[PDB]
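Encoded as structure tokens, the following chain is the form deposited in one PDB entry, with no partner shown.
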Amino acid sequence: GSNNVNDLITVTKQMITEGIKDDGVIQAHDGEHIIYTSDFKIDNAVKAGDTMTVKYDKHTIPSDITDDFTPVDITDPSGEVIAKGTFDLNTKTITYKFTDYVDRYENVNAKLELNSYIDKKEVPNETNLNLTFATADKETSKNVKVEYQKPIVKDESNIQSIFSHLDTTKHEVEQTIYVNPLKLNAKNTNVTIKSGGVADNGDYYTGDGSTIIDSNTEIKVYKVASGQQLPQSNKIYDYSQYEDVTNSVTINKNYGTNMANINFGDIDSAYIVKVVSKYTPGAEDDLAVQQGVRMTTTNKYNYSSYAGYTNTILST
């Protein structure tokens, strides 16, 4: 009892490459793909319903922002489907189930290409990785550096953010914002969150996407203790670790049109702000989702200083 036929798969070439620039450096916050390509022969003895496995490196994941991990089919050059796959998160393994393609054709070889992202649960901070991808029996490895973003800093105003989750059925996006990650003395701290853009220097711009921010937007604020270090990945997997101070700060969800503001007053600590807001779906399946943050503080010369950040998701 075992429909697995990896023993009948002959892998003739495998490769690990990158989606943006073959750096040896993965730009995880620019959504740089880690690409696994594998060429192989399928024995004639393989039949419809047999399965083969392919293993991701544990530090990668088929999607960095949604929970849909459905793998691309294995096809021939004309797009005829050779095998359909199901992904198992815990083992980071695809099980491909062969279609009747392998009953209809013989002496078949194929290629598959898998796009993956760094798994931020497994890669909290910048680090070196020896990635290993496996089409059992065969393994291929590559050493890389994972790099994350840095905050925009203008005097005591310092801030960064990512879209950490996207739900395309509920049409909600999650923004994880690091406020004052540098743990500076930020006087009269305000953080504004708005649909569209916020330039690095704080300037608002319409931008190339939009969200809905109103009285029903969810906004949570968490204080970071001085002994705590935030993951450079900008994604938090357990918020109970942090002090919920949502009722301690002043939050105006109607600060403007699709625009909210959080008044922190004087702080000496980092904070995490997690925002869940709705977006307007695109008629086909097109996404134009964009939301920006501005941090305002009072600098030592008693003028406002501004720092800005914008996250964007665009489709096809």
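Whichever C-alpha set is largest while still superposing within 1.5 Å between the two forms counts as the rigid core. From 1 onward, residues are counted along the sequence shown.
There is another form of this protein, the form solved in complex with a partner chain, and it is not shown here; the text below is about that form.
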{"property": "Answer range among 102 to 110, 161 to 169, 127 to 135, 80 to 88 for contact with its partner chain, defined in the deposited complex as heavy atoms within 4.5 Å", "result": "161 to 169"}
{"property": "Full three-residue contact with its partner chain in the deposited complex, heavy atom 4.5 Å, for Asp30, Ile65 and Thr310", "result": "yes"}
{"property": "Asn3 within 4.5 Å of its partner chain in the deposited complex, heavy atoms", "result": "no"}
{"property": "Contact label in the deposited complex: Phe69 to its partner chain, heavy atom within 4.5 Å", "result": "yes"}
{"property": "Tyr117, heavy atom within 4.5 angstroms of its partner chain in the deposited complex", "result": "yes"}
{"property": "Partner contact for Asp266 in the deposited complex: its partner chain, 4.5 angstroms, heavy atom", "result": "no"}
{"property": "Moved residue between this form and the one not shown - picked from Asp244, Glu80, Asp88, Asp203, where its Cα shifts 2 angstroms or more relative to the rigid core", "result": "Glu80"}
{"property": "Rigid core superposition, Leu287 Cα moves 2 angstroms or more between this form and the one not shown", "result": "yes"}
{"property": "Cα separation of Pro77 and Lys142 in the deposited complex versus here, shift of 3 Å or more", "result": "farther"}
{"property": "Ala283 and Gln291, C-alpha gap in the deposited complex relative to this structure (3 Å or more)", "result": "closer"}
